[PDB]
Structures are given as structure tokens and as C-alpha cells.
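You are given C-alpha cells for the same protein chain in two forms, set apart as structure 1 and structure 2.
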Structure 1
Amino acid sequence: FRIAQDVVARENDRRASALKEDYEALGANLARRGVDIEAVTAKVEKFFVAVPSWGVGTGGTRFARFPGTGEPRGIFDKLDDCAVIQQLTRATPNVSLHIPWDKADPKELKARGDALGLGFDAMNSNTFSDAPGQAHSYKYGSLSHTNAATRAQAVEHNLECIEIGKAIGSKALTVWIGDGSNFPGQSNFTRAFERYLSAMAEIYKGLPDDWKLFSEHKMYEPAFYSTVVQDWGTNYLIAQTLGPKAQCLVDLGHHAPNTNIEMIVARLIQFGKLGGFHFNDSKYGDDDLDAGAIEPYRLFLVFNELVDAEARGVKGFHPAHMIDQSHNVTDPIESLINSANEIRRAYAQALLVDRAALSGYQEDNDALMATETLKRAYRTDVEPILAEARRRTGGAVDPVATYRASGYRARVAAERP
């Protein structure tokens, strides 16, 4: 236990009475609306989202990085910190690894995970930066590089990520590359894409049949003119071309300004290529801010489509859920705690939508009541449900408050001078 159980129990008891009052009131309110709060809490406590090992430490920009105290010094420290997030929120039992940043004896990683009560989500390859001893540079690309030997090297790296994953229980490989161009003419759009598809086909050939391959589109950065996998349209072509095991991953901050992302989510679901999500929030570009901190309604609307798919009869629908954020000016652990909470919040609210009523308003083209139907769910303060779900599962009623009362940050600051 990263956080002393006595502290968790102490901070829960301190807020137990108020929570009971809020939960009961909400329970009565939902009962008046024909909803059993218990049924919602039950689903909420089972909603999980993977935390990024690379978000456990303070992030930075091309201009600077401002580390705080007790910065994790490696993957093992990072797992220790991730365990705090899980213990308190109970919403992040799995960690997403990134190779080579997190390279270490896989057996030891799995060992530290089991001890901490953490599992591992999809693996993440890295051919957007050069590692020491690398024969070919990814300066001008990786999986779509003009040099055959460079593409082969990139493929081998991804195959190595799969091997690592198999040793720790991972069942998927996420591939995001910076491949693209900064100048018109620098790259031939079609040939670069053909090269990418050929290299991804090789990775697919080496992909275990009990694994999935997620390709992640991004409009720009690091490439500032064109990017090979620029949007969901190219991403769909990729997944469809590679095979059933290949699906698309949607990072919320990777779209052009004003994009209707919830529609992209719906389209991918309809054609069975929605592999999963990379949650975060943003205002300008791929800001990688705490989920729901800028546009909480958009987050709700994305979950509205996920829940709608279930309501529509889509069977065995279980897209992968992962947080992909950068914490530049806050305690990384606190931001991850509240981000996971925010994701559960949007999910909970989506579960409250009166699907029958919404359906009737859509068929009758009553736009005002249709949108109001979504708002009645979104406006509902589900915090009592999120807190109770945590309390009932070993977490904290108020995670950040408990985290600070524990003095964990000061603790690791002393341990990690």
C-alpha cells in the first residue's frame, strides 16, 4: 500500500456523513427520474482507464521542462506512483508502457506490477526519436522512411515491443509516429503512405493472433506540413487494409480545430474500427491537458456515443481506454487522479441518458427536447456516485484530499533527492 490504509480510512470517515447525505439525495432524485442509482454505481466502479507511465513524471514543451520534487527516476518509480492513483481512484488498474523509455527486465516489471496490484495495457513503440546505438536515424521518418533499411529497423523495434508486452501480459500494440513532412514537395504523399502500409503489414505479420494493432492519427506535430497518418480517414484506410486485428485509436487532441470528434467515434464504431481512445483535453492543439479540464461537455458527448452503441445493440463492444496526457504545471499524480475521475464522471452521466425519450425526440425531430434530454443527464452532479464507488472499492472519497493528507509527495521527495 503506497498510501497508508489508516490514512485512507481516516479521510473517508471524515467525509462519510456528507457523502451519505449527497448519495441518498441523488438516489431519491434519480428514483424520481426512474433510475436506480445502485445500477449506475455498479457500472461506474467497473469502468477502467489505463494510466500512461510517461505521464507520471512532469512533462515539458520544446521551450522548457520544470520538474517538481520527488520526480520518478525510472519505470519502477513510475509504477510506484501509478499504484497511488489506482489505490485512491480504483479506476486505473492498468499501466501503459512506452519502449525504450521503460525498458527493463520484463520479469521484474511484471513482478512489481503484481505486487502493486497493477496490470499493463497496450504497448507503445517509439520511432519518433533516436535511441543510442541505433543504426539509422528517424529524422526523415521511420515506418514510411525512403530508406528500406530504416523501415526494417522500425519494424524490428515494434516487434521487440510485442515481445516485451507478451512477458508482462499486454495484448495490444499502439503505433504513433511523427512521420510526415515540413515542406511541400519534401514527400510524395502517396509513396510515403504506400511505404507506411508495407511496413505496417510486416508488423501485422508479426502480430500475435491474440493481440490488436492500434494506429493513431494526428493532424500535425512533429510534422508541420503533412503527416502520413493525419486523420481518421487515413486511419480507417490503414485498419481496413491491414486486417481485422488492426483498429483505429482516437486521441482527443489530435484533430483539426472545431472537428466534431464524437461523430468520428460513431463512424468508426459503425464500421468496427474503433480500437480505443487516448483521453486528454485541449484548447489550441495537442495540448495534452487533464481530461475534461477545458471541454467537459465534449468528453460527455464522446461517452454518449459509446453508451449509444450499447443501446443500439452493438455486442461485445469494449474499446480500449487510456489516458495520454502531459503534466507541465501540476503534481502529475494529482492530475492523473482527477482526470480518471473526470472520465468516470462523463461515463456516469452518459449512463443517465433516457435513451427511450431521446429516441422519441429524434424520430419526431424535436431538436430542443432531444438536446435537453442529453443535458438533463450531463447537468446531473454524479460526484456522489463516483465517491461512493471509490469508497466501496477501497479507494478514497476525495482522492486528492487523501493524497495530500498522506504527504506522499513530500515522502518521495525525500526518498528521491
Structure 2
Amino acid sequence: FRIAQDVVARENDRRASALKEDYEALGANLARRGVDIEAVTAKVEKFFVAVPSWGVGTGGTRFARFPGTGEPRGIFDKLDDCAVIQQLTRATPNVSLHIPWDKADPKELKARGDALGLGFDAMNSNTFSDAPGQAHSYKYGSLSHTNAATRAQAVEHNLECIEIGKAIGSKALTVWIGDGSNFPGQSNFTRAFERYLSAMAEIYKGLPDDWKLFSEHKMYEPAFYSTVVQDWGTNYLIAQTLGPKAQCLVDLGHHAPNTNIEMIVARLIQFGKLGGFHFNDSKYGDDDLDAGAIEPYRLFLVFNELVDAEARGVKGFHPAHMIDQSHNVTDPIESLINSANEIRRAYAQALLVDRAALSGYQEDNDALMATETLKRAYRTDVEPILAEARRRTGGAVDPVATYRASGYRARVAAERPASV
């Protein structure tokens, strides 16, 4: 236990009356709306989202990285911090690894995860940066590089990510590369895409029967003119061409300005190619900010589509969700905790939508009442639901508050010497 259980008990107990009071008042409100709070809380308790191992360390920009105290160094420190998030929120039982950043003895990794109450989600390859001793540089690309040997090296690396994953209980490989161009003419759009497809096919072959291969699109950065896997369009083409085990990941901040992202999610669901959604928020580009800190309604609308599919069924709908953020000015553990909270909030509110009435208003072209139908769910403060769900599953009523009272940050600060 990273956080002392008595601390959690103590903090949860001092707030129990306040929680009960809010949970009952909201229950009566929902009752009058033909909604059983219990059924909502039970689904909220089972909604999980994978945490990225690299998310608990302080992020930065090309201009600077301002570390806080107790920076986790290495996958072990990182797992230890991810455990706090899971313990207090009970919404992140699985961690997503990144190779080579988190390379370590498989057996040791698994053992550490099991001891912490954490599992492992999709593996993440890295061919957007060069590692020491690497024979071929990825400066000009990897899987789509013009040099065959470089592509081969990129493919072999992704294969190794699978072998590591197979050994720790993982069932998928996410592939996000920087590949693209910064100048017009630098790359031949079609030929680079062909090279990419060809290299991905080889990785696809190394896929066990129960594994999936996720490709992630991004409009720009690190490439500033063109990017091989630039949008969900190219992303769909990829998934369809690779096969059944290949699907597309939709990362909120990876789209052009004003893009209707929730429609992209619905389009992928329909054609059974939505592998999963990567949560974060943005205002300008791929800001990788805390989920819901900028546009919480947008987040709700995305979840509205997920819930529609989750309820109405849909062939091939088994999303692998993950938070992908950079925490440059906050305590990384606190931001991930509140972001996971935000993700469950949007989920919970999506569950309140009256699907029948909505469908009626859409059929009648009653736009005002259709949008109002969503707003009724969205405007609902489901915090008591999120907190109770946490309380019933070993979590903290108020995660951040509990995390602060535990002095966890100061503790790892004493154990982890900083640069200065």
C-alpha cells in the first residue's frame, strides 16, 4: 500500500456524512427522472482507463522542463506512483508501458505490478527518438524511412515490444511514430505511406491471435509540414488494410482546429475500427492537458457516442482507453487522479442521457429538445456518484485531498534525490 489505509479510512470517514447527504439528494433527483442511481454507480465502478507509465513524471516543452520533487526515475519508481492513482481512484488498475524507456526484467516487472495491484495494458513502441548504440537514426523516419535497413530495425523493435508484452500479460501494441516531413517535396506522400503499410504488415504477422495492433494518427508535431499517419482518414485505411486485429486510436488533441472529434469516434465505431480513445484536453494543438480542464462538454459528447455504442451493442466494440498527458505545472499524480475522475464524470453523465427521448427528438427533428436532452444529463453534478463508487471499491472519497494529507509527495521526495 503506497498510501496508508488508515489515512484513507480517516479521510473518507470525516467526509462520509457530507457524501451520504449529496448521494441521497442526487438519488432523489434522479429517481424523479426515472433513473436508479445504483445502476449508474455500479457501471461507474467498473469503468477503467489505462495510465501511461510516463505520465507520472514531470513533462516539458522544447523550451524547458521544470521538475518537481520526488521525480520517479525508471519504471519501478513509476509503477510505485501509478499505484497511488489506482489505489485512490480505483479507475486505473492497468498501466501502459513504453519501450525502451521502461525496459526491465519481465519477471521483475510482472512481480512488481502484481505486488502493487496493477496490471499491464497495451505496449508502446518508440521510434520517434534515438536510443544509444542504435545502428540507424530515426531523424528522417522509422517504419516509413527510405532506407530499408532503418525500417527493418524499426520493425524488429516493435516485435520486441510484443515479446515483452506477452511476458507481462499485455494484449496489444500501440504504434505512434513521428514520421513525416517538415518541407514540401521532402517526402513523396504515397511512397512513404506504402513503405509504412509494408513495415506494419510485418509487425502484424508477429501478432499473437488475441493481440491487437493500434495505429495512432496525428496532424502534426514532430513533423511540421506533413505526417504519414496524419488523420483518422489515413488511419482507417491502415487498419482496414492490415486486418481484423488492427484498429485506430483516437487521441483527442491530435486533430485540426475545430474538428468534430466525437463524429470521428462514431464513424470508427460504425466500421468497427475504433481500437481505443486516448484522453487529454487541448486548446491550441496537442497540448496534452488534463482531461476536461479546457472543454469538459466536448469530453461528454465523445462519451455520448461511446455510451450509445456501449448500450446499442455494435460489432467489434472493445475499446482500450488510455490517458496520454504531459503534466508540466502540477503534481503529476494529482493531475492523473483528477483526469481519471473527469473521464468517469463524463462517462457517468453520458449514462444519464435519456436515449429513448433523444431518439424521439432526433426523429422529429426537434433540435432544441435533442440538445437539451444531452444538457440535462451533462448539467447533472455526478460527483457524489464518482466518490461513492470510489468509497465502495477501496478508493478515497476525495482523492487529491487524501493524497495531500498522506504526505506521499514529501515521502518520495526524501527517497528520490533531485538534480539539485
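Shifts are known only where both forms have a C-alpha. By convention here, residues take numbers in order along the sequence of structure 1, the first being 1. Under this definition, the rigid core comprises the largest set of C-alpha atoms superposing within 1.5 Å between the forms.
- Compared between structures 1 and 2 on the core, the listed residues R191, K139, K107, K315 keep their C-alpha shifts below 2 Å, save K315.
- At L207, the distance the Cα travels between structures 1 and 2 is 1.2 Å after the core is superposed.
- In this core-based overlay, residues 310-313, 315-318 form runs of three or more whose Cα positions differ by 2 Å or more between structures 1 and 2.
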